[PDB]
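> Sharing an experimental structure here, sequence included.
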Amino acid sequence: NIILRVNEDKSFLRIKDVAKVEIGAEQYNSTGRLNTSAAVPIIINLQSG
Amino acid sequence: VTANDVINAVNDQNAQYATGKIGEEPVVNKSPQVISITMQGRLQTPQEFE
């Protein structure tokens, strides 16, 4: 419902008209797999000393 | 021209900005390769700054 621009009449151009909004992942770059399942792997880095 | 115009021109044109990768997910039609966009907006020679 965010209004990008107001037309010459009382009609509001909104993000829905020009874009599709949804709750998605920050990045679709990577994926974690365990055996044949899907699992996010937690890599732990040892602190020095 | 004024000095401020020169500063604005140098600040605007002489910079390296950010350009995303081409073919990155999520695509409904998968691409065989993912290509990253590279650019060089920082001039290196005096002839370019002129």
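Ah, there it is. Residues are numbered from 1 along each chain as shown, chains lettered A, B, ... in the order given.

> only C-alpha atoms for contact and neighbour calcs from this point on.
Fine.

> what residues are up against the residue of chain B found nearest chain A?
Closest to chain A within chain B is residue B:25: 5.8 Å, counting by C-alpha to the nearest C-alpha. Residues in contact with residue B:25 (C-alpha atoms under 8 Å, 6 or more residues apart in numbering or on different chains) are A:28, A:29.

> Would you map the helices across chain B?
Assigned by DSSP state H, chain B shows helices spanning B:3-13, B:46-49.

> Quick one: the ones you listed as JSON lines, columns for distance to chain A and mean neighbour count too.
Listed next are the helices of chain B as JSON lines, based on distance: least, C-alpha to the nearest C-alpha, whole Å; neighbours: other C-alpha atoms under 10 Å in any protein chain shown:
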{"stretch": "helix B:3-13", "distance to chain A": "26", "mean neighbour count": "11"}
{"stretch": "helix B:46-49", "distance to chain A": "37", "mean neighbour count": "8"}
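
> For residue B:30, which of those is the nearest?
Comparing those by their distance to residue B:30 (C-alpha to C-alpha), the top pick is helix B:3-13, with 35.4 Å.

> which outside residues touch the closest one?
Here helix B:3-13 has contacts from B:41, B:42, using C-alpha under 8 Å, 6+ apart.

> Secondary structure of residue A:4: a strand, I assume?
Yes. Secondary structure of residue A:4 (DSSP: H, G, I helix; E, B strand; the rest coil): part of a strand.
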